[PDB]
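Peer 1: Residue numbers (the deposited numbering), protein chains in the order written: chain B, 12 to 46, 93 to 328; chain A, 12 to 46, 93 to 328; chain F, 87 to 258; chain E, 41 to 86.
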Amino acid sequence: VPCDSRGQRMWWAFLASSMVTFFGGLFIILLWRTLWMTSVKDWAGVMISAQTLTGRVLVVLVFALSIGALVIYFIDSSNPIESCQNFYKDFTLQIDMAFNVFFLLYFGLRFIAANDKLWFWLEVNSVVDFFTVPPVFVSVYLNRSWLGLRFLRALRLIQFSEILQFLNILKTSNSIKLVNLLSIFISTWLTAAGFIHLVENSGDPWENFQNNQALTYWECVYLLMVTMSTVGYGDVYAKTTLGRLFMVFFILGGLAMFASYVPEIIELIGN
Amino acid sequence: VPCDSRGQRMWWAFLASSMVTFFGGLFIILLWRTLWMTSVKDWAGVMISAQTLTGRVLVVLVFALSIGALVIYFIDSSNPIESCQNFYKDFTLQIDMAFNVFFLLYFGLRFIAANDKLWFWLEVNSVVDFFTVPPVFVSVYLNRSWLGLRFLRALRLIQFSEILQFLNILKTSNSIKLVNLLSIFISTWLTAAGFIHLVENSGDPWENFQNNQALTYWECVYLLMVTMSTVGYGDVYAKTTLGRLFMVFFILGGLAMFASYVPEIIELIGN
Amino acid sequence: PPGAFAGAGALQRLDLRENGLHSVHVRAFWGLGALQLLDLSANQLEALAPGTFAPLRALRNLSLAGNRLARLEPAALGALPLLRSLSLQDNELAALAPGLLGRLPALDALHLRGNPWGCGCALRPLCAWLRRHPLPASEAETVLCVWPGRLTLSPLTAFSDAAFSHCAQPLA
Amino acid sequence: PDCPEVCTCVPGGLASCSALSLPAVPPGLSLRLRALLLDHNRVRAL
Ligand SMILES: CC(C)CCC[C@@H](C)[C@H]1CC[C@H]2[C@@H]3CC=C4C[C@@H](O)CC[C@]4(C)[C@H]3CC[C@]12C
Ligand SMILES: CC(C)CCC[C@@H](C)[C@H]1CC[C@H]2[C@@H]3CC=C4C[C@@H](O)CC[C@]4(C)[C@H]3CC[C@]12C
Ligand SMILES: *[C@@H]1O[C@H](CO)[C@@H](O)[C@H](O)[C@H]1NC(C)=O
Ligand SMILES: [K+]
Ligand SMILES: [K+]
Ligand SMILES: [K+]
Numbered sequence: 012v013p014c015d016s017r018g019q020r021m022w023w024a025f026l027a028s029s030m031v032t033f034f035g036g037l038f039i040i041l042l043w044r045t046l093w094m095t096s097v098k099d100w101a102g103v104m105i106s107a108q109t110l111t112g113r114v115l116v117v118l119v120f121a122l123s124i125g126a127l128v129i130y131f132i133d134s135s136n137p138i139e140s141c142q143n144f145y146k147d148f149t150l151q152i153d154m155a156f157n158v159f160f161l162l163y164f165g166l167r168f169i170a171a172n173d174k175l176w177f178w179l180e181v182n183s184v185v186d187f188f189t190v191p192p193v194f195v196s197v198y199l200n201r202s203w204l205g206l207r208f209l210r211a212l213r214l215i216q217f218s219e220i221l222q223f224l225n226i227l228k229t230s231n232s233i234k235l236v237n238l239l240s241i242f243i244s245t246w247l248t249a250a251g252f253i254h255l256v257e258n259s260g261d262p263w264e265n266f267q268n269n270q271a272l273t274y275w276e277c278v279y280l281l282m283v284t285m286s287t288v289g290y291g292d293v294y295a296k297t298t299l300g301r302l303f304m305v306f307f308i309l310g311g312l313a314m315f316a317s318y319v320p321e322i323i324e325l326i327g328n
Numbered sequence: 012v013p014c015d016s017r018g019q020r021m022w023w024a025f026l027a028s029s030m031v032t033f034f035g036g037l038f039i040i041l042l043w044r045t046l093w094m095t096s097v098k099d100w101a102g103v104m105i106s107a108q109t110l111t112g113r114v115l116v117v118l119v120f121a122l123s124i125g126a127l128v129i130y131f132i133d134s135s136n137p138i139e140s141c142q143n144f145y146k147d148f149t150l151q152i153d154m155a156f157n158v159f160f161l162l163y164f165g166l167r168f169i170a171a172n173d174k175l176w177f178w179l180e181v182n183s184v185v186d187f188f189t190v191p192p193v194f195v196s197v198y199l200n201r202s203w204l205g206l207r208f209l210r211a212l213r214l215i216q217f218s219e220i221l222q223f224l225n226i227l228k229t230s231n232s233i234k235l236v237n238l239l240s241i242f243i244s245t246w247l248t249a250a251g252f253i254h255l256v257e258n259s260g261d262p263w264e265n266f267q268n269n270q271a272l273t274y275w276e277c278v279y280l281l282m283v284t285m286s287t288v289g290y291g292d293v294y295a296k297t298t299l300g301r302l303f304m305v306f307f308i309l310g311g312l313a314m315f316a317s318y319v320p321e322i323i324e325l326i327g328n
Numbered sequence: 087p088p089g090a091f092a093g094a095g096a097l098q099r100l101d102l103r104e105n106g107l108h109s110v111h112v113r114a115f116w117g118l119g120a121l122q123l124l125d126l127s128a129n130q131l132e133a134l135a136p137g138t139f140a141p142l143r144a145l146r147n148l149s150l151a152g153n154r155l156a157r158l159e160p161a162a163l164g165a166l167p168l169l170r171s172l173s174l175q176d177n178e179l180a181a182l183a184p185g186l187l188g189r190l191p192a193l194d195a196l197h198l199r200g201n202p203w204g205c206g207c208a209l210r211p212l213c214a215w216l217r218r219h220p221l222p223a224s225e226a227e228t229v230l231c232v233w234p235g236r237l238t239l240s241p242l243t244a245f246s247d248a249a250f251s252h253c254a255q256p257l258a
Numbered sequence: 041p042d043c044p045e046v047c048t049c050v051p052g053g054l055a056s057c058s059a060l061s062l063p064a065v066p067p068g069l070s071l072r073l074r075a076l077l078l079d080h081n082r083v084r085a086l
């Protein structure tokens, strides 16, 4: 009786659970635009303000939980992408569930403290919440699990420099700028490796997932590092069509970003 | 009865023989900080001073012995990494032993002439002494031999330009700077190739050393040259996990070092 | 070769065993659909092209014992209403695609002895067919399956709907 | 059941299947057979 099998792929349900949140609520906001609130808005604004102690400890907490979620994803990346499991049996899924409900509460608190709802809805933190939080609820409901876009929490590493600034660890502007550049580069490297790993190990959808390549996450990190330095050994490369398209887009975006960030590098070098 | 076999790997003993020197004596220095000497300190300072004849001939001697040790390592790199041998039978090991005891005596003489012991303990010459000299004593005691970190003596090539300066061979500052840059580049190239060769031919430790790749030292030198020029043929590459991690770190460090050294290259080009 | 048995349109029995066959071209039985017995046992067949048995219509009992088949595509077998018995014993079949048995009505006799069956969600249609069509007790004892990670002591017919409860049906 | 279709039975649980060119194990397996002979039968997999 105890057995585990892949069965039928259910990735589309998990993806739709985020798409019909994001796009549908964006349309709702647009239609509302076409067609004690101040007190609670001010209360939520002072709740998440970086000046007060509560905002500081809360952003430190959400950064720590994002680090924990990234570690959980790193651990779970050594498993089959789609697999059945029992929510009550395993407690790591419970830890991820607690992390994600905390993220959801933080997102709601941020949304209350928003002067412009539409521009808040297009932030990177909002979209990472949209593409991270509904999948865990769908997974615990369906009693299955899909790897999905759980690496996108690494995009919160951009806040890392700010986490230092109000703990009296960084004072000068040059060190803050250097830490910001390093964090941005590391975060985009990790998330690009995450997309490459997902699209390579998942396989092509229109070819019944027969193009899957057994690539670990760290091998994809190595591939991204080799590619971004314009070395290209060719020992490991993307074989799927969508993987190659993503590699081309990543090459173009990385070259454009480096060309845009050259002047900041020169300023850091200085005279 | 006469036979040679690898048996059990004893690399950890050789590595620990340097770690429990370096870290333990660093802790001893720190604890001493928490808790005729001037005459002998001045005597040792004038003994190793570059102004006097003794200091000049002694630094020339230690540079020559470093060259000899590098040649010995180059010769011995064409052998199995860990092998049993008789100290009395072979006299090349005796030559290396004499070189290393001279290095130890020089290190002691330097340590006496040190105003700040802790900052002396973190110098590159001190750490290369720590990671070179105890292994030969452990090898002659255990009657075995491990290749180890014996390529790090190439890091003493950096003083090569200084060796010319007080022999009336270089006078202008531009030639001295050019020779210094060339020596630094050659030394870091050789030591990176040494680490790559060791980590590739040794194999992964957690996988019972079944990932060993038959790479010669000069093939690794060729690989480093191909990588640092951003060519990346892919004919030879690191297959082990630790080798790939070292390659990624070397790529990042080389790019950062080249970006930092661009202004000196421009100054050498001049107008 | 294609059309190897051309001219024998009224053929009823065809036996090919101990011949060591290793490659059968598609549409090689053009006009041979009239046969009722087809023995392709004791050979080295590995893969079957789809539509190979499509011209066969009156075939009743088919034997594929002692071969090197690993995956049996449903398209290769097609729909044979007049088939009554089928044999896959002494082969290298690990799992059967769902819905393969439902294509044909009559599958009264089935022999799967010696195949390295890896019991799993995939085998659940076969187990359901065993519930509908019980095997003989001796054949049930002989036919077993491999349990991954542990001993293969679990019989194929010992599984029930509780094992099927793990399988996720298409969502409503 | 104690006697395989192609093999020979000898009392004492002895089964002889010498030189039969069997592709695999014969189906005649029973608890009574305490000695099975499968020499030179061209079997290749277990
Ligand atoms: C920027 C983010 C938030 C939104 C963009 C949507 C991206 C991430 C989506 C759109 C199409 C998606 C792919 C569509 C099909 C499959 C096949 C299946 O095996 C799951 C993964 C994979 C390969 C998906 C990965 C994620 C994907 C590439
Ligand atoms: C900068 C220097 C002085 C200190 C840094 C420590 C480095 C050199 C140490 C730490 C871990 C070490 C590795 C650990 C395990 C093995 C496996 C064995 O087959 C010996 C070599 C090898 C591959 C070691 C090579 C040296 C190594 C990489
Ligand atoms: C199938 O073939 C014939 C039907 O003509 C029948 O006698 C025979 O017993 C059947 N074979 C099996 C293995 O049931
Ligand atoms: K290249
Ligand atoms: K290049
Ligand atoms: K290349």
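Every residue gets a Cβ at the ideal spot worked out from N, C-alpha and C, and that includes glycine.
(1) Residue 27(A) by DSSP, collapsed to three states: which one?
(2) Chain B beta carbons: is any one of them nearer than 8 Å to that of residue 325(A)?
(3) How long is the line joining the alpha carbons of residue 231(A) and residue 205(A), rounded to whole angstroms?
(4) Against residue 19(B), what residues of chain F qualify as contacts under a CB-to-CB distance less than 9 Å, listed in chain order?
(5) Beta carbon of residue 287(B): closer than 7 Å to some heavy atom of ligand 5?
(6) Can you find a CB in chain E that lies within less than 8 Å of the CB of residue 199(F)?
(7) Shorter than 8 Å from the beta carbon of residue 28(B) to some beta carbon of chain F?
(8) Just the C-alpha distance for residue 193(B) and residue 152(B), rounded to the nearest angstrom, thanks.
(9) Look at the Cβ atom of residue 144(F), then the Cβ atom of residue 117(F), and state whether they are nearer than 8 Å.
(10) Residues near ligand 2, CB to any non-hydrogen atom under 5 Å, in chain order?
(11) Can you give me the start and stop residues for the beta strand (DSSP E) that residue 186(F) sits inside?
(12) Taking Cβ positions only, does residue 104(B) come closer than 8 Å to chain A?
(13) Would residue 12(B) pass as an interface residue toward chain F - the criterion being a Cβ-Cβ separation below 8 Å?
(14) Can you list, in chain order, the residues of its chain with a C-beta nearer than 7 Å to that of residue 190(F)? Leave out the 5 residues immediately preceding and following it.
(15) Which bits of chain B does residue 231(F) rub up against, with CB to CB less than 9 Å?
(16) Output needed in chain order: residues of the region 281 to 307 of chain B with a Cβ under 8 Å from some Cβ in chain A.
(17) Nearest CA to the CA of residue 12(B): which residue from 114(F), 257(F), 244(F), 258(F)?
(18) Under 7 Å from any heavy atom of ligand 1, does the C-beta of residue 206(B) make it?
(19) Tell me the rounded alpha-carbon separation between residue 203(F) and residue 44(E).
(20) Which term fits residue 80(E), buried or exposed, when burial requires 16 or more other beta carbons within 10 angstroms of its beta carbon?
(21) Of the residues 142(F), 246(F), 206(F), which one's Cα is nearest the Cα of residue 181(F)?
(22) Check for me: the beta strand (DSSP E) holding residue 254(B) runs from which residue to which?
(23) Take every Cβ of the region 310 to 317 of chain A, pair it with every Cβ of the region 252 to 271 of chain A, and state whether three or more of those distances are shorter than 8 Å.
(24) Count the other C-beta atoms from every protein chain shown that fall within 10 angstroms of the C-beta of residue 176(F), then say buried if there are 16 or more, exposed otherwise.
(25) Near residue 159(F), what residues of its chain come up, given a Cβ to Cβ distance below 8 Å and the 5 sequence neighbours on each side ignored?
(26) Which residues, in order along the region 199 to 218 of chain F, keep a beta-carbon less than 8 Å from a beta-carbon of chain B?
(27) For residue 226(B) versus residue 244(B), is the C-beta spacing smaller than 8 Å?
(28) When DSSP labels each residue in this structure, what does residue 147(F) get in the three-state scheme?
(29) Grab me the residues of residue 233(A)'s own chain with a C-beta within less than 7 Å of its C-beta, minus the 5 sequence neighbours each way, in chain order.
(30) According to DSSP, is residue 195(F) part of a helix, a strand, or is it coil?
(31) Which term fits residue 306(A), buried or exposed, when burial requires 16 or more other beta carbons within 10 angstroms of its beta carbon?
(32) What does the shell around ligand 3 hold, if a residue joins when its beta-carbon is under 5 Å from any heavy atom?
(33) Run through chain E and tell me which residues come within less than 8 Å of residue 128(F), C-beta to C-beta.
(34) Give me the subset of the region 131 to 150 of chain B whose CB atoms are less than 8 Å from a CB atom of chain F, sorted by chain position.
(35) Can you tell me the Cα-Cα spacing of residue 251(B) and residue 146(B), whole angstroms?
(36) Count the CB pairs spanning the region 282 to 290 of chain B and the region 22 to 40 of chain B that are closer than 8 Å, and state whether there are at least three.
Peer 2: With the structure as the only source:
(1) helix
(2) no
(3) 37 Å
(4) 254, 256
(5) yes
(6) yes
(7) no
(8) 11 Å
(9) no
(10) 22(A), 188(A), 256(A), 259(A), 262(A)
(11) Taken as a continuous stretch (DSSP letters only), residue 186(F) belongs to no beta strand (DSSP E), being part of the alpha helix (DSSP H) at 186 to 189.
(12) no
(13) yes
(14) 165, 166, 167, 169
(15) Within chain B, no residue comes near residue 231(F); the closest Cβ sits about 11 Å away, beyond 9 Å.
(16) 282, 283, 286, 287, 288, 289, 290, 291, 292
(17) 244(F)
(18) yes
(19) 24 Å
(20) exposed
(21) 206(F)
(22) Here residue 254(B) belongs to no beta strand (DSSP E); instead the alpha helix (DSSP H) covers 230 to 259.
(23) no
(24) buried
(25) 134, 136, 183
(26) 205, 206, 207, 208
(27) no
(28) strand
(29) 218, 222, 227
(30) strand
(31) exposed
(32) 147(F), 171(F), 195(F)
(33) 63
(34) 141
(35) 27 Å
(36) no
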